[PDB]
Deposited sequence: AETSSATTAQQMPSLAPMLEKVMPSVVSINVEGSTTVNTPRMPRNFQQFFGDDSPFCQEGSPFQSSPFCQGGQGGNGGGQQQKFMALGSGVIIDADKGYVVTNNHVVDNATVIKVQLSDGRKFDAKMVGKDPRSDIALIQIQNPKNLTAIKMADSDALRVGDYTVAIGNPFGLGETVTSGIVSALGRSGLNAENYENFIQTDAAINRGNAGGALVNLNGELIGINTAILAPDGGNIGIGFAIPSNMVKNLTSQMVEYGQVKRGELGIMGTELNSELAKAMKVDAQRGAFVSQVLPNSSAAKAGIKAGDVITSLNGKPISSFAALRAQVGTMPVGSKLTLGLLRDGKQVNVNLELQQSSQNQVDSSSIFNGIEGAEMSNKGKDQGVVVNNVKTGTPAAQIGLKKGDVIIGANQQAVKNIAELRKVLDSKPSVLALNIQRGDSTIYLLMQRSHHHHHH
């Protein structure tokens, strides 16, 4: 008969869940005529990632400041969940289902396999009226990072799951304009792998460990810096490398002068110290290193 997503969607829908948050937050006491605790209600979607432990990935902007979190399965069943870890930078959080039973976990695809022309579908709650599904394609890939897809709802709240035609997880859709869950015109999402890495740090550490690792250099134009080349100057100097932190790994040594980070020119030396320090461990960033030919990819830790 007619082609439809319903078939695969009926295999995926189980592993998607609706999250009902109740929390409190400190707010300014209203001055009139036109600090105190105010109760709010957040509402999102999430995916069951570990059927046995009852691990449910979700967005940090949903579960932030939560006092009580509840989970309802697509079949109607409700559970209590407990926080386990969040990550405001990438807007990802892990919750756990208290008393998990007959749970289906989603099968995660290798996000590295993604290409642009690929079809996707997004499952979530743009307007809070219940689980809404929409389709589209992989519009852009922050590497081949990040996933950008036209399969996203206008004026809607960045829902949860991003899925391929086989009904596997290729990512969690996110809101880039936090603390404002909305749209920029197109959908952004953390690829499924970044998601898995991110998620295991939360299970293991209560959070994702920041990998702020230069090595131990000295500004360009300084004492030990000006001494060397300075032919084709302008950039961030690197004096040492002995810490062996993806530096004896990045094939980097003394004297180098990095001036790139995935395209964007690294002006100052602190420019590196900051940009490479706010990223999540396991990250795959590329550094355009200056020394007459040099550009290696790093892996935090």
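Unmodelled regions of the deposited chain sequence (numbering from residue 1, in sequence order): 1 to 10, 45 to 78, 189 to 196, 354 to 456.
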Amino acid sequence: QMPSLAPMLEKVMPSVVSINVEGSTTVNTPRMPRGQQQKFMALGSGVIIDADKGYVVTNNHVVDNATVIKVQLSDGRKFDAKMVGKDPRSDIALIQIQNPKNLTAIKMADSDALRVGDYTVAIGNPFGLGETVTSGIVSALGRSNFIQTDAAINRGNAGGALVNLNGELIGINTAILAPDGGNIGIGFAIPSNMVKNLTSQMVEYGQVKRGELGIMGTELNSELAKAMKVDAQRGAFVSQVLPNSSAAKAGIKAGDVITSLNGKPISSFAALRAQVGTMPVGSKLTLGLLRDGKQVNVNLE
From here on, numbers count along this sequence of modelled residues.
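For the pair 209 to 217 and 132 to 140, the mean B factor over Cα atoms is greater in 209 to 217.
For the pair 41 to 49 and 264 to 272, the record assigns the higher mean C-alpha temperature factor to 264 to 272. The entry assigns its greatest Cα B factor, within the set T29, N60, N65, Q240, to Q240. Out of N157, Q98, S222, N193, it is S222 whose C-alpha atom has the highest B-factor in the PDB entry.
Annotation for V56: C-alpha temperature factor in the lowest third relative to the rest of the modelled chain, per the entry.
Among all modelled residues in its chain, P14 ranks in the lowest third by Cα B-factor.
Remark: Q1 belongs to the middle third of its chain, ranked by C-alpha B-factor as recorded. Sort the modelled residues of the chain by CA B factor and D231 lands in the highest third.
Among all modelled residues in this chain, the alpha-carbon of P179 has a temperature factor (C-alpha) in the highest third.
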